[PDB]
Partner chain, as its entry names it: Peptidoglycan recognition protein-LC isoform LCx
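Below you'll find only one chain, the form deposited without its partner chain, shown as structure tokens.
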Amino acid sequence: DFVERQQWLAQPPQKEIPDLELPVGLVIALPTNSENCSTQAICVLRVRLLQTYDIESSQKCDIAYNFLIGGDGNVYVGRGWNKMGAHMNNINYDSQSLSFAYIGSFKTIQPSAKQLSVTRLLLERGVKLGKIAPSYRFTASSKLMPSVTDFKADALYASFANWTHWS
């Protein structure tokens, strides 16, 4: 199940956001670099903070990510399936991918069992809906942009290392 924008009380995007070419062959994991969360109520708060941060501080039109995965094993909708994320700050990457952002800092600490499980369910749901190509790669944002320090999670990316679609 998905906590939708209207369920976590998302601000509207400060401007219109371009649509994404579907289906997408690349799915990109990123750390949110905020505190993590165990329940839906605290996760709701986290997501609202990141939207506010992304708009006020980072100067994006909206929360950067397509989806956010909380430590409670829930999926929080940022821009969603059909809008273009701003995760890589690079039009070439962002126009050909989806971002799954993991609520937390994961240089050392691991994502929870639930964070990993729902990732699988989410990738599956995306293939069924025709948002993700069956031949997709799931990969690390630090691999795509090695000099960007905001993408280094490392303990997050190790958890996916031996998944089949992982690169």
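Residue numbers count along the first chain shown, from 1.
- In this entry, 127 to 135 has the higher mean Cα B-factor, the comparison being between 127 to 135 and 96 to 104.
- Stretches 57 to 65 and 106 to 114 differ in mean C-alpha B factor, with the higher average recorded for 106 to 114.
- Sort the chain's modelled residues by C-alpha temperature factor and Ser34 lands in the middle third, per the entry.
Just so it is clear, the following notes concern the form deposited with its partner chain bound, a form of the same protein that is not shown.
- Here the chain stands by itself, but in the deposited complex one stretch of 134 to 142, 106 to 114, 40 to 48, 60 to 68, 40 to 48, has heavy atoms within 4.5 Å of its partner chain.
- Of the heavy atoms in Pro146, none are within 4.5 Å of its partner chain in the deposited complex.
- Of the heavy atoms in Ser167, none are within 4.5 Å of its partner chain in the deposited complex.
- The closest non-hydrogen atom of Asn162 lies beyond 4.5 Å of its partner chain in the deposited complex.
- Its partner chain in the deposited complex is approached by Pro12, whose closest heavy atom lies within 4.5 angstroms of it.
- In this stretch, 113 to 137, not one residue has a heavy atom within 4.5 Å of its partner chain in the deposited complex; the partner itself is omitted from this view.
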